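> got the complex split up, this is the first portion:
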Amino acid sequence: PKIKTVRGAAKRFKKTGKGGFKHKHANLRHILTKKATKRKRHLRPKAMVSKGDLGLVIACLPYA
């Protein structure tokens, strides 16, 4: 049979041009009056998945 995509991981990652994955940062969903505005501003843009945990992402997303 076909491999099934981990459908939770398909809602968290998008493949970029050279094959890396972008994702939204954590810690920006709730409890926000105590966080500095400098801290939040560096959490709005999407970041790339680091090299260590990039192996687990590809296993969850076989169809890119």
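Right, received. Where do you want to start? Numbering: from 1, shown residues only, chains lettered A, B, ... in the order given.
> wait, what's in contact with residue A:44?
A:25, A:28 (CB atoms under 8 Å, 6 or more residues apart in numbering). Yep, even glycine has a C-beta here, placed from its N, CA and C like the rest.
> In terms of helix, strand or coil, where does it fall?
Assigned with DSSP: H, G, I helix; E, B strand; the rest coil, residue A:44 falls in the coil class.
> I'd like to know how far it sits from residue A:20.
19 Å (CB to CB, to the nearest Å).
> Residue A:58 too?
11 Å.
> Repeat that for residue A:11.
In terms of CB to CB, residue A:11 sits 18 Å off from residue A:20.
> Show me which of these two is the more surrounded one.
Between residue A:11 and residue A:20, residue A:20 has the larger neighbour count (other CB atoms under 10 Å), namely 15 against 8.
> out of everything not next to it in sequence, what's closest to that one?
residue A:48 (5.0 Å; CB to CB, 6 or more residues apart in numbering).
> and residue A:25, what is it in contact with?
A:43-44, A:46-47.
> If we use 10 Å, what do you get?
A:40, A:42-47 (CB atoms under 10 Å, 6 or more residues apart in numbering).
> again, but for residue A:63
A:2-5, A:10, A:15.
> what does residue A:16 give?
By CB under 10 Å, 6+ apart, the neighbours of residue A:16 are A:22, A:46, A:48-49.
> let's bring in chain B now:
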Amino acid sequence: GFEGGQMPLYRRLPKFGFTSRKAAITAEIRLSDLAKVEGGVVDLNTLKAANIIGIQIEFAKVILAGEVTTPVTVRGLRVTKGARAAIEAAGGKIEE
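Below is chain B, added to the chains above:
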């Protein structure tokens, strides 16, 4: 994705975005695909006959990728700025 009992990376991270249904019925066209049609006119129905965009597509842009040499009338499709300069330099006539 099992990391031991640690909360895995695909669940530590938040969901984001949505899926656009309108994006599935759009397509992008090389300039090299403009010569592959016949008659020198480009419609939605001409490109589907040339097996370029596919049947369910309803919107298409022409992109500066590849190159065109023959004069080609583009009709009813969006064109980027670099593709507009490249089509009109080779003798084309972009219209609607």
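> The contacts of residue A:25 again please, this time with chain B.
By CB atoms under 10 Å, 6 or more residues apart in numbering or on different chains, the contact set of residue A:25 is A:40, A:42-47, B:13-14, B:16.
> repeat that for 7 Å
The contact partners of residue A:25, taken as CB atoms under 7 Å, 6 or more residues apart in numbering or on different chains, are A:43, A:47.
> ok, now residue B:66?
B:30-32.
> and which of these is nearest to chain A?
When these are ranked by distance to chain A (CB to the nearest CB), residue B:30 comes first, at 17.3 Å.
> so the closest one sits right up against residue B:65, yeah?
Yes. The criterion here is CB atoms under 7 Å, and residue B:30 meets it with residue B:65 at 4.6 Å.
> Scan chain A for its longest helix.
Secondary structure of chain A read by DSSP state H shows that its longest helix is helix A:54-60.
> so what secondary structure elements neighbour that helix?
helix B:9-12 (3 or more CB pairs under 7 Å, 6 or more residues apart in numbering or on different chains; DSSP states H and E).
> and residue 26, what is it in contact with?
As the question left the chain open, I've gone with chain A. Applying CB under 7 Å, 6+ apart, the residues near residue A:26 are B:12-14.
> hm, I was asking about chain B
With CB under 7 Å, 6+ apart, residue B:26 has these contacts: B:57, B:59-60.
> between those, which is nearest residue B:37?
Set against residue B:37, the nearest of the contacts of residue B:26 by CB to CB is residue B:60 (12.2 Å).
> then add chain C to what we have above:
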Amino acid sequence: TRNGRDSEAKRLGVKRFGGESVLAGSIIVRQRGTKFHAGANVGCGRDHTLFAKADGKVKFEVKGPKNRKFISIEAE
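That brings us to chain C, laid onto the chains above:
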């Protein structure tokens, strides 16, 4: 008993030593107080972190009447 606690090691110290060429913005020393002090082309952070404001080699030196230790970036 009563003595199980300790905190995480905050990894302070001197990150770039003397005669060591850095880029602007490079952290030189992390420290609690101003155990070191900021000299020429060196800024002092919010948590008393000493970073380089320009590019060049690190110079440790002792100046002033109180014999305090100043860190400066020589030009390069």
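> In light of the added chain C, please revisit the contacts of residue A:25.
A:43, A:47.
> how close does it sit to residue A:6?
20 Å.
> Quick check: chain neighbours aside, which residue is closest to the closest residue to chain A within chain B?
Closest to chain A within chain B is residue B:10: 3.7 Å, counting by CB to the nearest CB. Counting by CB to CB, 6 or more residues apart in numbering or on different chains, residue A:9 is the residue found nearest to residue B:10 once chain neighbours are left out, at 3.7 Å.
> For that neighbour, the count of nearby residues, please.
22 (other CB atoms under 10 Å in any protein chain shown).
> Likewise for residue A:57?
20.
> Does it touch residue A:15 like I think?
No. Using CB under 7 Å, residue A:57 is not in contact with residue A:15, being 9.2 Å away.
> What helix or strand is the most centrally placed residue in chain B located in?
For chain B, the residue nearest the mean C-alpha position is residue B:28 (0.7 Å; CA atoms, centre = their mean). Residue B:28 is part of strand B:26-29 when elements are defined by DSSP states H and E.
> now swap in residue B:47 and tell me
Judged by DSSP H and E, residue B:47 forms part of helix B:44-49.
> Give the buried residues for that helix.
For helix B:44-49, a neighbour-count test (16 or more other CB atoms under 10 Å in any protein chain shown) marks B:44, B:46-48 as buried.
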